[PDB]
Amino acid sequence: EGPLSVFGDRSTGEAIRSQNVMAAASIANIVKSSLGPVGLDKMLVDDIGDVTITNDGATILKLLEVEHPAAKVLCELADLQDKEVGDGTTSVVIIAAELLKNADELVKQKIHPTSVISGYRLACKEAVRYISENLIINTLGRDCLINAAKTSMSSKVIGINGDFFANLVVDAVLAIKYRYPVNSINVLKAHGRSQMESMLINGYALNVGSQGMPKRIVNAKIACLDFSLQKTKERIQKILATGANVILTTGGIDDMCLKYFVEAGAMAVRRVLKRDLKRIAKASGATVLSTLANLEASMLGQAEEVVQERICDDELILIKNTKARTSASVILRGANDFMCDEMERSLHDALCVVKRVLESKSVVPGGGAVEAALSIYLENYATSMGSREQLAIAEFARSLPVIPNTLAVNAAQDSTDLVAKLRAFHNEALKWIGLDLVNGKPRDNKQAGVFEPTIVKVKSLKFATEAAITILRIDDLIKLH
Amino acid sequence: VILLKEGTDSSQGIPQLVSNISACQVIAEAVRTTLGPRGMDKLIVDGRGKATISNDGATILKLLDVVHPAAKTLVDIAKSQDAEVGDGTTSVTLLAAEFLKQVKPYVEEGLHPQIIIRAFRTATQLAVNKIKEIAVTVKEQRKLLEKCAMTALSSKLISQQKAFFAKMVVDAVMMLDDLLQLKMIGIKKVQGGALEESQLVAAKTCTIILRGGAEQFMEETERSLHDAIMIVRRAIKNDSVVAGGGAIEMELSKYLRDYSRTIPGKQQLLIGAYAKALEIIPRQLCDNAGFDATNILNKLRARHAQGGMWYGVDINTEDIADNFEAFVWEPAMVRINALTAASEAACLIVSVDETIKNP
Amino acid sequence: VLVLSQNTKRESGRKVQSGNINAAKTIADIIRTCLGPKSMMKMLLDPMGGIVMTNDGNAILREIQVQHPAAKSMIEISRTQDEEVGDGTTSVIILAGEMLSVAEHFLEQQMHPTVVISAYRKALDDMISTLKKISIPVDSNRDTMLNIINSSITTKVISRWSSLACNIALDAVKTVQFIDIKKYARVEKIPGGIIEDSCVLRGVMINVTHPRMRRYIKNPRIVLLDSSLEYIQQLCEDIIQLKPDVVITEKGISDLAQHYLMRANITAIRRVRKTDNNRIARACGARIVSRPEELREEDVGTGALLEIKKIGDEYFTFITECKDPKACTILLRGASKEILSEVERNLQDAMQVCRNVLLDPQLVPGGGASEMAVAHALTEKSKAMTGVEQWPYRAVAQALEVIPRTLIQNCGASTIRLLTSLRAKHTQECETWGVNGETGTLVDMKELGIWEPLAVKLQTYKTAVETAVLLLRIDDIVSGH
Amino acid sequence: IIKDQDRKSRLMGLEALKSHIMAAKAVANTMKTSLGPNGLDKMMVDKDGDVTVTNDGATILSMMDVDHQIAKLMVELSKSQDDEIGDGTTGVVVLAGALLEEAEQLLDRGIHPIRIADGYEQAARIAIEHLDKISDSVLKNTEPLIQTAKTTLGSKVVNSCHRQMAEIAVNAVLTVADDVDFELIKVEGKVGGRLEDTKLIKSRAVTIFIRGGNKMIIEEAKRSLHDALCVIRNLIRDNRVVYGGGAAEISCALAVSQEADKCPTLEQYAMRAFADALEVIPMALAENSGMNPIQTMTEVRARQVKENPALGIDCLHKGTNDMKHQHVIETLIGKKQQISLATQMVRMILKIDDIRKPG
Amino acid sequence: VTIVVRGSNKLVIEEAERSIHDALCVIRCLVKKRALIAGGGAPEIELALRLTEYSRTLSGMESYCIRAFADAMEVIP
């Protein structure tokens, strides 16, 4: 009868379950290094020899040539963790592995995994509850954000005035905030003066066509035309018939057509980047009509104000006050051109961080603060459970202080110590206590700007635990080649 | 480059710690089975064919040819406990080893040894404290001595006639009790007949005349008595009595972990281990019977943190049980010294950085 | 069992860091002896028959088939160093490797790269600040501007004709200077004659479809055409109506279209590389158009001398004297393609150094003078910082001393001795003192006429340091079979 | 490393456990081949050259060179089995090993050794208790006394004159039955005449003068008589007797299982595993006889429930048959003792998980 | 009879089809036997008990065999 065939790998006893854990350990530990702001990127060179330096777990696991099937599990998790909440992709992997290492301990105690599985399922669900009860709900709330935006400007040349720019972000966001559209902030750079003069426009900033047409138009009726106005008086009569005072042609405008616009007192800007025209169709809501023979009075956008200011003494069309306040501009000014490039990229980051904080009101203090609390609360929960479940939930709480435990290691901030001081200060200064690798001491993240959406956490543990459950539920697997 | 003698095995730093710690652990395991009212007597056999049967840790460790110095320290710990408390020689031996099992996970990581001793030292301090602030003191109450004289004999082979012997013990002790000197009571084993014939030839100074069918029901009985005289004596000498069944261990192990969350730094994690180690007592207690240690252990902590400092482990029934109501009391000193000898000693074990040997 | 693939290597901690460094430090001890006027040319032999005996670290690292990524990056260092200021390609490799040898010294004392990098980075800025703090501004001026391009072209296969090559770069860079862009210097090399036949052409050069057409135009109004003139009459009439005289066709022109344009006196050039159509639209201002039906009198550019000359029996079209000759064409002449690619680079690297004398003509005395002062300075900063990092600072500074050390080494005299005496007089009489390989004694560089453009040394420190980073960061290198 | 000098073996848990199971079970299957009337004798040939051909186990385990500790114990059961009741010296040896063949399996279930003792001991008691129920209480009844003396002298080198020897044994015990004592009945053989000339010198004292051919033949008559003086002394000291042949073991084995059902917990499998071992004896009988142990056993079991536990195995008629009617009875103390020694002995095995082998 | 199962995705439909298949199989068993035994190892221990008793009364080599046939049932529970 024979156990199996020439093609049927059979793994039993500690042989299978163990080798599966180790694989998960190896994998997790790998991406564990790139955990935190001090992450240690990895140079991935697949078959052909390519070189992709990354810090994200998913990217790494999606390029890492894994042989052991069970190890591929952490790859599916990092995948799900990236297409659902993004960040924390590395955490899920690490935690999952720890849950196993601790699971085996009980396993060594002749404790059938099944039992252990139950402990994790109940512990995790309980852990999630503590979340919807310790949701540090941000205030649109200023103060908090200013601090966060300040952490994004630091560690850069802009760090000198990072504060001034920290506010611009909070303002630009709180203005177009409804869900924060990062693609709504038009950051226009232009070398001129010091970065201390950088301001925030109440609308769009276009870096008149004729010194005759009105430089300022109140209730503007932006008429975005695709096709140019070059072969004549009949095409200008069609635009003047709809009441379009502001014409935005993507192509060049014939000299004659421009002379007619001055005659009708219509401000039209020729040769407008395709990208700009699109932003105008989103702001004032101006319809983009290709042919000038299909432009009606119902395709005109509304811009409460479209004037040409001399920013740093340059000609710029500021089409602000549009009907859709979902459009704004942050005039970024800097000494050199190369300087405006960096400050600009910094602004983008800040806009993203602020966004996150604004999305999902229920947020919590990262730096490991959360995991710590879960380690204490779940510990007690284990005490009031008895039976194997106790050790299960218990160890589960011992697999949580890893996030902060590792963060320290990535900052020469002796783990064993900080991990501890983090607990003592956690139940003495309340939940808002995590590890700040900057000063190497338990700091108030909730006051430092360090935050993480409530959902992010919920899914990690829910993904890590379950994934481990299906693994432990594997006592003997036979997969042919 | 001969810098070592002939046949000298000497390791350095971290490695020396591993070897020493391991040696002690495995050595205690041997006598760890003799623990509990139903321990497993061992039949040591020297190189001359002499086979001996003993349930005492000291007697065993003194008959086992130990070449490893680290393992020799354990024999010393067994000799200090055998001449300072008597029974329990195994407890201190096993305990000292367990502690080494809890430090190892730190030493194999990098944690400096001395830093470990500091915690352990501090841990022992705190531990003993609670033992001298929760102990019990009641009573020459022949009513309380007999009751405990029957609970002591029980769990042994003389639990069948625990009624009679318990009396002869309380009487033998009630006569010579200025502080009761175990050197004033002469026991005379006389293999022959039935344990129901035994008498106590009393004023002061008695001679427990014993009689048993065979030396098996004769010796196994005698030993069980010597214990009743060890417990009934204490309650009269040192009123200090603590809850047995690994109860105390379970409480200390709890609070000690609480002092961890409070005391941050290295000590937190370690002090927690020092506690996890104190879980070995009630752990092996069930294993020496056939019941799952995990279930009971976990059950105990719950019933312990939700009951009191008396909730131990009624091995006889294999389930948690309040020792205060089960009349399970032992002298407070027994524990008081256990923590001392075992702990502090174990510390030095990891303190001994490298060992130089010769041919 | 098998976590990451099967038959794969796996390092960690003391194994990843150690290997990464040594690998780079080793590849440095391969060309280090090739630094200085007393270098030792190596003779590599590829598996084909090409025995390359060079002294330039770059050309050496580009031949040595590498395997370990760590070393590969080093090849990228020389690929970025020789692409900027040319020479010094070795210097950067030596330093980059040294910084690591000293770094590991701290990796043994157990000092996480983070704490290390941070210093190395902050120290990197120290040198830079010092460099511009002690560098002397040497005057554009065709006189000095030439001595700057020359000193670089020297000691090269082009050195023989340096003078001529110097002027070539002089005129080229002095023309594309508006901020000097090097992406406007179109180099063209044709076999035949010697390197003394070279010259600088003021305009784009193409490589007269009708033997009767205009061979030269006084006021050429070029019309960039991509489409073909093949199937013709109507197509050739839409162009002539734009007032042109020269049609640059990208594809082939039909025989018929050749008679019509010739009939209207219009030089037609069929089959013109796409790259040529882009250079004519940027120098002459002629807009490139697809089909002829889209050719207007506005896309027509304007030149000032379109003469067809036979550059070696090969009648090349010369569209020089463009309105905006911002894009010149350097005609390099060489005996072969070997002396042609060589001379081309020496000229290009020469254009860069010259691109500095017109933007920021800063230069520091060679002989390692720069490295020392900085080393002596950074040492001061160390005491002004204290902390554990107080040592690392010194480490790096003492790592910059390798340039002068290895310098006097290739000379014969004592490396240590010279070092002591170096710092000595160097700590007293400014930084004007450097190592003299010809006298084996420290001599005042400034007074000996030995100066190297700041930029040259600017990129040096920047690269070397940045390199140690990406390497020090390399946490793990798996991905195997 | 070498933490102990290489001169004292030390097995760990199942390492020692298994070594004892086989060993004690081995020497056991050695005596089983010589159990019953059709017993197969053994030939012990010491290092001297003196051939020893005997059936009794005590006489085989005494010549048998035994170093194994566990085996030594098996030598003390048969030896103590001959110094007390005498007869059925092999039974205790075979029964003991049987209790091991059953215990082991339980151990495979993970059933801790110590716990195994529970059922075995709880069942053993009730086993001996079921004997006091199916025991026959005879009356100076010269009839039943002499009848028993003949059943203890049957199949021995004195079965040719067991009638005379029975009379001599009954009078020797009745005259010192002051409350008899086997210390007032001396024996004394002497060459000359036959076995029919054996007399009884007179009477709180009786000198048994045994005459026989060779010196060996006399030694067997004296040995059969010795056991005859023990059996008669057993009944006179305990008016309890049962029926051999197997019937008894079948009754208990049946009762135990039933009781094992009424009793939950792991002690259930134990008791059951205990009863099944109570079959190895009857099974062995049909074995050493020539009948199929499997067919006979079950045949006797079916006929044992139809005709009460009075029917056993007739190793002379080949099949089921009532022992009582066939006059196949043994003292009660014997069976009451057999179970004890063997069982209690076994309890020690499980309680030993080390060993320090000498050489 | 035809049961047209509808579902947004194949995943939800796969479950429907499968789960339904069972709902059918169960009704099929119920009809082929209008009885029903309580699982959880109840019938196993049930037999294991009576079978062990059946042996002690059936005699023959069957006894031992049957007993092992009963103990071989304890596996399920």
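Labels A, B, C, D and E are assigned to the chains in the order they are written; within every chain, residues are numbered from 1.
Criterion: a residue touches a chain if its C-beta (ideal position, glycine included) is under 8 Å from a C-beta of that chain, and two chains touch if they have at least 3 such contacts.
Chemist: Can you give me the shortest step count from subunit B to subunit E, moving only between touching chains?
Modeler: Shortest path length, in steps: 2.
Chemist: Touching both subunit A and subunit B, which chains are there?
Modeler: Joint contacts: the list comes back empty.
Chemist: Where the centre means the average of the CA atoms, what chain is farthest from subunit D?
Modeler: Greatest centre separation from subunit D goes to chain C.
Chemist: Write down the chain pair with more C-beta contact pairs when B-D is set against D-E.
Modeler: Between the chain pairs B-D and D-E, B-D carries more contacts.
Chemist: In whole angstrom, how far does the Cα centroid of subunit A sit from the Cα centroid of subunit E?
Modeler: The separation of the two C-alpha centroids amounts to 53 Å.
Chemist: Find the geometric centre of each of subunit C and subunit D from their Cα atoms only, then give the gap between the two centres in Å, rounded to an integer.
Modeler: Distance between chain centres, rounded to whole Å: 105 Å.
Chemist: I'd like the Å distance between the centres of subunit D and subunit E, where a centre is the mean of that chain's Cα atoms.
Modeler: Roughly 48 Å, centre to centre.
Chemist: Between subunit A and subunit D, what is the separation of their C-alpha centroids in Å?
Modeler: 85
Chemist: Going through subunit E residue by residue, note those that touch at least 2 other chains and give them in order.
Modeler: none
Chemist: Using the touch rule from the top of the page, what residues of subunit A touch 2 or more other chains?
Modeler: Residues of subunit A touching two or more partner chains: there are none.
Chemist: Is the chain-to-chain touch network here best called a line, a ring, a star, complete, or other?
Modeler: line
Chemist: Which pairs of chains touch each other in this structure?
Modeler: A-B, A-C, B-D, D-E
Chemist: Once bound in the complex, which stretches of subunit B touch subunit A?
Modeler: Result: residues 111, 260-269, 292-295, 298-299, 301-303, 305-306 of subunit B touch subunit A.
Chemist: Any idea which subunit C residues touch subunit A in the complex?
Modeler: Subunit C reaches subunit A through residues 1-6, 8, 69, 111-115, 470, 473-480.
Chemist: Subunit B touches which residues of subunit D in the complex?
Modeler: 1-5, 7-8, 10, 69, 72, 111-112, 114-115, 266, 344, 348, 351-359
Chemist: In the complex, go through subunit A and note every residue touching subunit B.
Modeler: My answer: residues 106, 109-111, 376, 383-391, 416-417, 419-425, 427.
Chemist: Using the touch definition from the top, list the residues of subunit E that touch subunit D in their complex.
Modeler: 49, 52, 56-64
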